[PDB]
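Worksheet for the structure shown next.
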Amino acid sequence: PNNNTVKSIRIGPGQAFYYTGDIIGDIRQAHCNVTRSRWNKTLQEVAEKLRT
Amino acid sequence: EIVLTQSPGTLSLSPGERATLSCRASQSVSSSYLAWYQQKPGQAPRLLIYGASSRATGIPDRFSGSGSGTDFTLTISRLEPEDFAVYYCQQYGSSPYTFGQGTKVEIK
Amino acid sequence: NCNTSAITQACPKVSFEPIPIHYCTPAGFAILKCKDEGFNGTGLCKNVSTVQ
Amino acid sequence: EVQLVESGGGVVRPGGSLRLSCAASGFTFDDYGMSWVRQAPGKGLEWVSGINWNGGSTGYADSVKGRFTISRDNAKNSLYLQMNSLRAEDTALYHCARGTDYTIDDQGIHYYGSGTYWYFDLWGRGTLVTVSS
Amino acid sequence: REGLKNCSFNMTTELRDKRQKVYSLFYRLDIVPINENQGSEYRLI
Ligand SMILES: *[C@@H]1O[C@H](CO)[C@@H](O[C@@H]2O[C@H](CO)[C@@H](O[C@@H]3O[C@H](CO[C@H]4O[C@H](CO)[C@@H](O)[C@H](O)[C@@H]4O)[C@@H](O)[C@H](O[C@H]4O[C@H](CO)[C@@H](O)[C@H](O)[C@@H]4O)[C@@H]3O)[C@H](O)[C@H]2NC(C)=O)[C@H](O)[C@H]1NC(C)=O
Ligand SMILES: *[C@@H]1O[C@H](CO)[C@@H](O[C@@H]2O[C@H](CO)[C@@H](O)[C@H](O)[C@H]2NC(C)=O)[C@H](O)[C@H]1NC(C)=O
Ligand SMILES: *[C@@H]1O[C@H](CO)[C@@H](O)[C@H](O)[C@H]1NC(C)=O
Ligand SMILES: *[C@@H]1O[C@H](CO)[C@@H](O)[C@H](O)[C@H]1NC(C)=O
């Protein structure tokens with residue numbers, strides 16, 4: 001969710017380093033979403049096969 | 001610890017004349033660090049030279065100087081009516097940094 | 001060069017004088033050469049030969 | 001736009017203490033070291049103390065050493081001086097001054113944005129400090 | 001959350017005689033503290 005601002009500096013001839021200078025807006029933790037109903041169905045089906 | 005001295009304590013020249021100031025350290029100045037300042041009554045001081053010989057931004061060629069060891073000199077190619085002021089030398093070379101007694105150049 | 005690249009010294013023992021280089025073609029291929037007395041590098045060449 | 005503004009001056013009885021402060025604007029405060037320089041009327045300039053860009057290095061003139069402490073708050077873009085055990089000799093106009101934006105190593109290597117307190121290209125108007133019975 | 005830190009360091013420049021202060025954000029996971037026990041000094045992992 002973070003809006004990173006990327007800045008760069010020359011660190012020697014022919015070379016440059018890229019870094020985040022700042023974040024615009026509130027800083028928020030990255031996250032992933034897995035649909036709960038599909039996942040529970042999936043785990044059940046896996047468990048049924050493991051059980052054998 | 002280190003004390004700078006300056007001479008002549010007072011100078012009097014007409015406008016347009018060439019003038020120089022001397023500054024002598026009690027101990028040698030490392031890496032030609034000694035610098036020069038200018039002041040007028042009622043005003044905060046300005047920096048004419050940073051390092052022994054390099055002018056600060058906005059300082060015209062009219063101001064110059066050089067030196068080594070304990071002995072440094074400031075030179076003004078010609079005095080403008082605006083250039084009459086109190087001058088100081090400072091040493092950045094060793095703690096504590098110190099300012100000489102200064103000199104005055106006057107027509108009034 | 002400081003804002004573009006590292007700079008390499010030419011070795012003092014190595015000559016810059018040009019040496020003729022022949023270009024050779026692998027077997028199964030051949031080089032055709034135009035021998036016309038005057039030729040502007042394009043169009044049909046009446047007098048040709050094959051060289052390796 | 002670029003300026004230094006002194007405050008906190010006043011009249012204090014000897015053996016007392018006074019805190020001075022210097023506001024600054026028009027430049028990045030974090031890139032410069034700073035000093036306090038004082039001038040009594042009729043007298044030349046005297047260096048009092050100085051501080052580097054992060055407060056990691058300080059120094060004091062022998063005339064004030066052990067009685068003065070210098071500190072800064074970069075977030076507030078402000079420089080502070082704590083003066084203790086004030087004496088009649090300390091009466092002067094005190095100036096806030098901007099130091100250099102770079103410093104030099106023993107190796108001759110220059111560091112930019114790592115300012116120190118060697119020399120002063122910018123001066124404030126200053127504020128009066130007087131010590132009297 | 002303390003997932004990020006604002007760090008300063010002396011980065012090299014185009015000229016070998018000069019260095020430049022750089023401020024940048026780093027993730028805490030990429031950083032290991034130096035045990036001066038001041039909590040202010042760090043190095044990359
Ligand atoms: C980029 O790089 C430059 C150069 O390294 C950094 O500038 C230096 O910053 C440090 C502070 O971070 C300064 O350190 C202070 O130096 C004082 C004087 O040093 C004495 O000893 C050395 C030899 O070791 C002599 O050369 C010198 O003349 C002095 O005799 C010390 O008194 C200070 O000590 C205090 O702070 C330290 C902090 O860790 C404590 O451990 C001590 O107990 C004590 O409280 C301090 O060491 C250093 O002087 C600066 N160098 C220059 C040339 O100015 C920049 O900060 C850096 N930039 C960035 C962004 O990191
Ligand atoms: C490397 O440095 C040179 C010199 O400063 C740069 O040259 C300038 O480039 C601009 C491009 O518009 C010209 O207008 C100037 O006249 C050039 N100056 C000189 C002295 O030739 C060059 O651009 C730099 N290279 C990079 C990649 O920044
Ligand atoms: C083909 O070119 C060569 C070039 O040397 C020339 O000697 C020869 O006479 C040419 N042949 C004809 C038929 O023109
Ligand atoms: C160059 O080297 C000499 C060695 O004596 C040293 O005195 C001098 O300060 C050096 N110059 C710079 C700019 O670092």
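Naming scheme: A, B, ... for chains in displayed order of the structure tokens; residues 1 onward per chain; ligands 1 onward as shown.
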Return the neighbours of chain A among the residues of chain E, cut-off 7 Å, counting only C-alpha atoms, as a ChimeraX atom specification. /E:11-15,23-25
Could you report the residues within 9 Å of ligand 3, using only C-alpha atoms and all ligand atoms, as a list in words? residues 34, 35, 36, 37, 46, 47, 48 and 49 of chain C
Show me, as a PyMOL selection string, the residues that have an atom within 10 Å of residue 11 of chain B when counting only C-alpha atoms, minus same-chain residues fewer than 6 positions from it. chain B and resi 19-21+84+103-107
I need the residues from that last selection saved to file as a PDB file, in the first residue's frame (with C-alpha atoms), if you can.
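Produced file out-v8.pdb, reproduced below:
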```pdb
ATOM      1  CA  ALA B  19      46.135  48.295   0.755  1.00  0.00           C
ATOM      2  CA  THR B  20      47.279  45.193   2.612  1.00  0.00           C
ATOM      3  CA  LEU B  21      46.773  43.733   6.094  1.00  0.00           C
ATOM      4  CA  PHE B  84      36.409  50.912   4.664  1.00  0.00           C
ATOM      5  CA  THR B 103      42.575  46.018  12.091  1.00  0.00           C
ATOM      6  CA  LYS B 104      40.677  49.113  11.048  1.00  0.00           C
ATOM      7  CA  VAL B 105      40.927  50.965   7.752  1.00  0.00           C
ATOM      8  CA  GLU B 106      39.421  54.450   7.959  1.00  0.00           C
ATOM      9  CA  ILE B 107      38.728  57.793   6.298  1.00  0.00           C
TER      10      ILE B 107
END
```
Would you list which chain C residues are within 12 Å of chain E using only C-alpha atoms, as a count of residues only? 6
Tell me, as an MDAnalysis selection string, which residues lie within 9 Å of segment 57-69 of chain D, counting only C-alpha atoms; anything in the same chain fewer than 4 positions away does not count. (chainID B and resid 1 95:98) or (chainID D and resid 46:53 80:86 90 116:117)
Take the residues from that selection and write them out as a PDB file, in the first residue's frame, keeping C-alpha atoms.
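Ended up saving to result.pdb:
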```
ATOM      1  CA  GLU B   1      45.690  28.471  23.144  1.00  0.00           C
ATOM      2  CA  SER B  95      40.842  24.150  18.663  1.00  0.00           C
ATOM      3  CA  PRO B  96      39.948  26.608  19.919  1.00  0.00           C
ATOM      4  CA  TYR B  97      39.404  28.560  16.700  1.00  0.00           C
ATOM      5  CA  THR B  98      40.420  32.158  17.501  1.00  0.00           C
TER       6      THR B  98
ATOM      7  CA  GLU D  46      35.620  36.084  20.133  1.00  0.00           C
ATOM      8  CA  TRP D  47      34.692  32.504  19.297  1.00  0.00           C
ATOM      9  CA  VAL D  48      32.689  30.975  22.139  1.00  0.00           C
ATOM     10  CA  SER D  49      31.756  27.474  21.092  1.00  0.00           C
ATOM     11  CA  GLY D  50      30.742  25.322  18.164  1.00  0.00           C
ATOM     12  CA  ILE D  51      28.902  22.151  17.236  1.00  0.00           C
ATOM     13  CA  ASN D  52      28.943  19.812  14.223  1.00  0.00           C
ATOM     14  CA  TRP D  53      25.924  18.826  12.129  1.00  0.00           C
ATOM     15  CA  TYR D  80      20.867  26.126  21.721  1.00  0.00           C
ATOM     16  CA  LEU D  81      23.557  27.354  24.118  1.00  0.00           C
ATOM     17  CA  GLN D  82      23.527  26.825  27.876  1.00  0.00           C
ATOM     18  CA  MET D  83      25.659  29.339  29.765  1.00  0.00           C
ATOM     19  CA  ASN D  84      26.415  28.596  33.417  1.00  0.00           C
ATOM     20  CA  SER D  85      28.400  30.390  36.118  1.00  0.00           C
ATOM     21  CA  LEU D  86      28.100  33.729  34.328  1.00  0.00           C
ATOM     22  CA  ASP D  90      30.860  37.378  29.666  1.00  0.00           C
ATOM     23  CA  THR D 116      31.225  21.508  10.878  1.00  0.00           C
ATOM     24  CA  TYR D 117      31.882  24.741  12.714  1.00  0.00           C
TER      25      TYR D 117
END
```
Enumerate as a ChimeraX atom specification the residues within 10 Å of ligand 1, counting only C-alpha atoms and all ligand atoms. /B:94-95 /D:30-31,33,51-59,102-118 /E:7-11,19-23,36,38,40-41
Could you give me the residues within chain B that DSSP places in helix (DSSP H, G or I), as a list in words? residues 30, 31, 32, 81, 82 and 83 of chain B
Would you give me, as a PyMOL selection string, the residues in segment 50-133 of chain D that DSSP reads as strand (DSSP E or B)? chain D and resi 50-51+58-60+68-73+78-83+92-98+100-104+110-116+122-123+127-131
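Taking only C-alpha atoms, the non-local environment of residue 54 of chain B within 12 Å (same-chain residues fewer than 5 positions away omitted) comprises residues 32, 33, 34, 35, 36, 47, 48, 49, 59, 60, 61, 63, 64, 65, 66, 67 and 74 of chain B.
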Selection export as a compact mmCIF listing (two decimals), in the first residue's frame, atoms kept: N, CA, C and O atoms:
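Result file follows (out33.txt):
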```txt
# COMPACT_ATOMS: atom_id res chain seq x y z
N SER B 32 46.86 25.68 5.58
CA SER B 32 46.46 27.00 5.09
C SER B 32 45.00 27.33 5.41
O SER B 32 44.29 27.92 4.59
N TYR B 33 44.56 26.96 6.61
CA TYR B 33 43.17 27.14 7.05
C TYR B 33 42.74 28.57 7.38
O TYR B 33 41.55 28.84 7.45
N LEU B 34 43.68 29.47 7.62
CA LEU B 34 43.32 30.80 8.12
C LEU B 34 42.41 31.54 7.16
O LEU B 34 42.62 31.50 5.95
N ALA B 35 41.39 32.21 7.70
CA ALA B 35 40.36 32.88 6.91
C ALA B 35 40.17 34.33 7.34
O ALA B 35 40.57 34.72 8.44
N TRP B 36 39.57 35.15 6.46
CA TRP B 36 39.39 36.58 6.75
C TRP B 36 37.94 37.05 6.71
O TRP B 36 37.15 36.61 5.87
N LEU B 47 32.16 37.16 5.41
CA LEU B 47 33.44 36.44 5.16
C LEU B 47 34.03 36.77 3.80
O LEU B 47 33.45 36.33 2.81
N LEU B 48 35.11 37.56 3.73
CA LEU B 48 35.84 37.78 2.45
C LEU B 48 36.57 36.55 1.89
O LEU B 48 36.46 36.32 0.68
N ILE B 49 37.28 35.80 2.74
CA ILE B 49 38.13 34.68 2.22
C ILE B 49 37.89 33.40 3.02
O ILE B 49 37.99 33.47 4.24
N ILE B 59 32.13 37.42 -3.47
CA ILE B 59 33.34 38.24 -3.20
C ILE B 59 34.07 38.50 -4.52
O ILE B 59 34.59 37.54 -5.12
N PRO B 60 34.12 39.77 -4.97
CA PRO B 60 34.80 40.16 -6.20
C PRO B 60 36.31 39.97 -6.14
O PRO B 60 36.89 39.87 -5.07
N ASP B 61 36.93 39.99 -7.33
CA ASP B 61 38.38 39.84 -7.50
C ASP B 61 39.17 40.92 -6.77
O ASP B 61 40.38 40.79 -6.56
N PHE B 63 39.19 41.58 -3.78
CA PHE B 63 39.74 41.03 -2.55
C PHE B 63 40.55 39.77 -2.86
O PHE B 63 40.09 38.89 -3.58
N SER B 64 41.74 39.68 -2.27
CA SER B 64 42.59 38.51 -2.46
C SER B 64 43.53 38.35 -1.28
O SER B 64 43.62 39.22 -0.43
N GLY B 65 44.23 37.22 -1.23
CA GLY B 65 45.22 37.02 -0.18
C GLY B 65 45.93 35.69 -0.33
O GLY B 65 45.55 34.85 -1.16
N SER B 66 46.98 35.51 0.46
CA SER B 66 47.79 34.30 0.43
C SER B 66 48.63 34.18 1.70
O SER B 66 48.79 35.15 2.44
N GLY B 67 49.20 33.00 1.93
CA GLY B 67 50.12 32.85 3.04
C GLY B 67 50.47 31.40 3.34
O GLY B 67 49.97 30.48 2.69
N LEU B 74 46.32 39.78 3.64
CA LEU B 74 45.13 40.14 2.87
C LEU B 74 45.47 41.32 1.98
O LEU B 74 46.11 42.27 2.43
```
For residue 4 of chain D: contacts at 9 Å, only C-alpha atoms, fewer than 2 positions along chain excluded, given as an NGL selection string: :D and (2 or 6 or 22-25 or 96-98 or 122-126)
Those selected residues, please, written with N, CA and C atoms and delivered as a PDB file, in the first residue's frame.
```pdb
ATOM      1  N   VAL D   2      16.872  33.572   3.633  1.00  0.00           N
ATOM      2  CA  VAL D   2      17.864  32.950   4.499  1.00  0.00           C
ATOM      3  C   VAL D   2      18.208  33.855   5.664  1.00  0.00           C
ATOM      4  N   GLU D   6      18.402  35.210  16.638  1.00  0.00           N
ATOM      5  CA  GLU D   6      18.758  34.975  18.031  1.00  0.00           C
ATOM      6  C   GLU D   6      17.640  35.348  18.990  1.00  0.00           C
ATOM      7  N   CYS D  22      18.815  29.884  18.822  1.00  0.00           N
ATOM      8  CA  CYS D  22      18.904  30.453  17.485  1.00  0.00           C
ATOM      9  C   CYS D  22      18.012  29.723  16.492  1.00  0.00           C
ATOM     10  N   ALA D  23      16.981  30.416  16.025  1.00  0.00           N
ATOM     11  CA  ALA D  23      16.099  29.885  14.996  1.00  0.00           C
ATOM     12  C   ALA D  23      16.783  30.017  13.648  1.00  0.00           C
ATOM     13  N   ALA D  24      16.481  29.125  12.719  1.00  0.00           N
ATOM     14  CA  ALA D  24      17.066  29.259  11.395  1.00  0.00           C
ATOM     15  C   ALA D  24      16.104  28.814  10.310  1.00  0.00           C
ATOM     16  N   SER D  25      16.212  29.446   9.144  1.00  0.00           N
ATOM     17  CA  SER D  25      15.369  29.092   8.010  1.00  0.00           C
ATOM     18  C   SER D  25      16.002  29.460   6.672  1.00  0.00           C
ATOM     19  N   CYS D  96      24.641  34.159  16.589  1.00  0.00           N
ATOM     20  CA  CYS D  96      24.476  32.842  16.012  1.00  0.00           C
ATOM     21  C   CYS D  96      25.119  32.856  14.640  1.00  0.00           C
ATOM     22  N   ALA D  97      25.925  31.855  14.328  1.00  0.00           N
ATOM     23  CA  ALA D  97      26.544  31.849  13.014  1.00  0.00           C
ATOM     24  C   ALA D  97      26.508  30.466  12.393  1.00  0.00           C
ATOM     25  N   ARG D  98      26.255  30.429  11.091  1.00  0.00           N
ATOM     26  CA  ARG D  98      26.215  29.177  10.352  1.00  0.00           C
ATOM     27  C   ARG D  98      27.608  28.737  10.000  1.00  0.00           C
ATOM     28  N   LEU D 122      27.394  32.903   7.142  1.00  0.00           N
ATOM     29  CA  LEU D 122      26.123  33.546   7.480  1.00  0.00           C
ATOM     30  C   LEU D 122      26.050  33.897   8.957  1.00  0.00           C
ATOM     31  N   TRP D 123      25.688  35.142   9.247  1.00  0.00           N
ATOM     32  CA  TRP D 123      25.609  35.621  10.621  1.00  0.00           C
ATOM     33  C   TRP D 123      24.248  36.226  10.930  1.00  0.00           C
ATOM     34  N   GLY D 124      23.779  36.041  12.160  1.00  0.00           N
ATOM     35  CA  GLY D 124      22.562  36.704  12.618  1.00  0.00           C
ATOM     36  C   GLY D 124      22.873  38.084  13.191  1.00  0.00           C
ATOM     37  N   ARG D 125      21.826  38.841  13.529  1.00  0.00           N
ATOM     38  CA  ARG D 125      21.990  40.167  14.131  1.00  0.00           C
ATOM     39  C   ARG D 125      22.558  40.092  15.545  1.00  0.00           C
ATOM     40  N   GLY D 126      22.281  38.988  16.225  1.00  0.00           N
ATOM     41  CA  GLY D 126      22.771  38.756  17.575  1.00  0.00           C
ATOM     42  C   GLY D 126      21.811  39.251  18.645  1.00  0.00           C
TER      43      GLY D 126
END
```
Report as an MDAnalysis selection string all protein, DNA and RNA residues lying within 12 Å of residue 4 of chain B, evaluated on only C-alpha atoms, omitting residues in the same chain fewer than 4 positions from it. (chainID B and resid 22:29 34:36 70:72 88:94 96:103) or (chainID D and resid 46)
Dump N, CA, C and O atoms for the selected residues as a CSV table (one decimal), in the first residue's frame?
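As a result, selection.csv now contains:
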```csv
chain,number,residue,atom,x,y,z
B,22,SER,N,48.3,42.5,7.6
B,22,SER,CA,49.0,41.4,8.0
B,22,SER,C,48.4,40.7,9.2
B,22,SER,O,47.9,41.3,10.1
B,23,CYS,N,48.5,39.3,9.2
B,23,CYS,CA,48.1,38.5,10.4
B,23,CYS,C,49.2,37.5,10.7
B,23,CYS,O,49.6,36.7,9.8
B,24,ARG,N,49.6,37.4,11.9
B,24,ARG,CA,50.7,36.4,12.3
B,24,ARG,C,50.3,35.6,13.5
B,24,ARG,O,49.9,36.1,14.5
B,25,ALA,N,50.3,34.3,13.3
B,25,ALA,CA,50.0,33.3,14.3
B,25,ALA,C,51.1,33.1,15.3
B,25,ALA,O,52.3,33.0,14.9
B,26,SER,N,50.8,32.8,16.5
B,26,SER,CA,51.8,32.4,17.5
B,26,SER,C,52.2,30.9,17.3
B,26,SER,O,53.3,30.6,17.7
B,27,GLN,N,51.4,30.2,16.5
B,27,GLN,CA,51.8,28.8,16.1
B,27,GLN,C,51.4,28.6,14.6
B,27,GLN,O,50.5,29.3,14.2
B,28,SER,N,52.1,27.7,13.9
B,28,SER,CA,51.8,27.6,12.5
B,28,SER,C,50.4,27.1,12.3
B,28,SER,O,49.8,26.4,13.0
B,29,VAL,N,49.8,27.6,11.1
B,29,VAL,CA,48.5,27.2,10.7
B,29,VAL,C,48.5,26.0,9.9
B,29,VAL,O,49.1,26.0,8.8
B,34,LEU,N,43.7,29.5,7.6
B,34,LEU,CA,43.3,30.8,8.1
B,34,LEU,C,42.4,31.5,7.2
B,34,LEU,O,42.6,31.5,5.9
B,35,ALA,N,41.4,32.2,7.7
B,35,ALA,CA,40.4,32.9,6.9
B,35,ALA,C,40.2,34.3,7.3
B,35,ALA,O,40.6,34.7,8.4
B,36,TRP,N,39.6,35.1,6.5
B,36,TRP,CA,39.4,36.6,6.8
B,36,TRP,C,37.9,37.1,6.7
B,36,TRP,O,37.2,36.6,5.9
B,70,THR,N,53.1,30.7,9.7
B,70,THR,CA,52.4,31.6,10.6
B,70,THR,C,52.0,32.9,9.9
B,70,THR,O,51.3,33.7,10.5
B,71,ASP,N,52.5,33.2,8.7
B,71,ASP,CA,52.4,34.5,8.1
B,71,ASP,C,51.4,34.6,7.0
B,71,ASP,O,51.6,34.0,5.9
B,72,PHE,N,50.3,35.3,7.2
B,72,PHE,CA,49.3,35.5,6.1
B,72,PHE,C,49.0,37.0,5.8
B,72,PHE,O,49.1,37.8,6.7
B,88,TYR,N,39.2,41.1,10.2
B,88,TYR,CA,39.7,40.1,11.2
B,88,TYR,C,40.3,38.9,10.5
B,88,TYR,O,39.7,38.5,9.5
B,89,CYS,N,41.3,38.3,11.1
B,89,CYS,CA,41.7,37.0,10.7
B,89,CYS,C,41.3,35.9,11.7
B,89,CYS,O,41.2,36.2,12.9
B,90,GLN,N,40.8,34.7,11.2
B,90,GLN,CA,40.4,33.6,12.2
B,90,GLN,C,41.3,32.4,11.8
B,90,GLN,O,41.6,32.2,10.6
B,91,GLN,N,41.6,31.5,12.8
B,91,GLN,CA,42.3,30.3,12.4
B,91,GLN,C,41.3,29.1,12.6
B,91,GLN,O,40.8,28.9,13.7
B,92,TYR,N,41.1,28.4,11.5
B,92,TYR,CA,40.2,27.1,11.6
B,92,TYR,C,41.1,26.0,12.0
B,92,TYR,O,40.6,24.9,12.1
B,93,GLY,N,42.5,26.2,11.9
B,93,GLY,CA,43.4,25.1,12.1
B,93,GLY,C,43.4,24.3,13.4
B,93,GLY,O,43.5,23.1,13.3
B,94,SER,N,43.3,25.0,14.5
B,94,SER,CA,43.3,24.1,15.8
B,94,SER,C,42.3,24.6,16.8
B,94,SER,O,42.1,25.8,16.8
B,96,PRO,N,41.2,26.0,20.4
B,96,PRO,CA,39.9,26.6,19.9
B,96,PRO,C,40.2,27.5,18.7
B,96,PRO,O,41.3,28.1,18.7
B,97,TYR,N,39.3,27.6,17.8
B,97,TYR,CA,39.4,28.6,16.7
B,97,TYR,C,39.4,29.9,17.3
B,97,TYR,O,38.7,30.2,18.3
B,98,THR,N,40.3,30.9,16.8
B,98,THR,CA,40.4,32.2,17.5
B,98,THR,C,40.4,33.3,16.5
B,98,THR,O,40.8,33.0,15.4
B,99,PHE,N,40.0,34.5,16.9
B,99,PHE,CA,40.0,35.6,16.0
B,99,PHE,C,41.0,36.6,16.5
B,99,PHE,O,41.0,37.0,17.7
B,100,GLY,N,41.9,37.1,15.6
B,100,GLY,CA,42.9,38.1,15.9
B,100,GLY,C,42.3,39.3,16.4
B,100,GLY,O,41.0,39.5,16.4
B,101,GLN,N,43.1,40.3,16.9
B,101,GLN,CA,42.6,41.5,17.4
B,101,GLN,C,41.9,42.4,16.4
B,101,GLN,O,41.1,43.3,16.7
B,102,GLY,N,42.3,42.1,15.1
B,102,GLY,CA,41.7,42.8,14.0
B,102,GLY,C,42.4,44.1,13.7
B,102,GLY,O,43.2,44.6,14.4
B,103,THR,N,42.0,44.7,12.5
B,103,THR,CA,42.6,46.0,12.1
B,103,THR,C,41.4,46.9,11.6
B,103,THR,O,40.4,46.4,11.2
D,46,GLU,N,35.1,37.2,19.4
D,46,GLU,CA,35.6,36.1,20.1
D,46,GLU,C,34.8,34.8,19.9
D,46,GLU,O,33.6,34.9,20.1
```
Please, what distance in Å, to one decimal, runs between atom CA of residue 92 of chain D and atom CA of residue 38 of chain D?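 Answer for the atom CA of residue 92 of chain D to atom CA of residue 38 of chain D separation: 5.9 Å.
Note that the spacing between atom CA of residue 80 of chain B and atom CA of residue 41 of chain B amounts to 17.1 Å.
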Please measure the separation of atom 21 (O, counted along the ligand's line) of ligand 2 and atom CA of residue 55 of chain B, giving the value in Å to one decimal.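 Atom CA of residue 55 of chain B lies 25.5 Å from atom 21 (O, counted along the ligand's line) of ligand 2.
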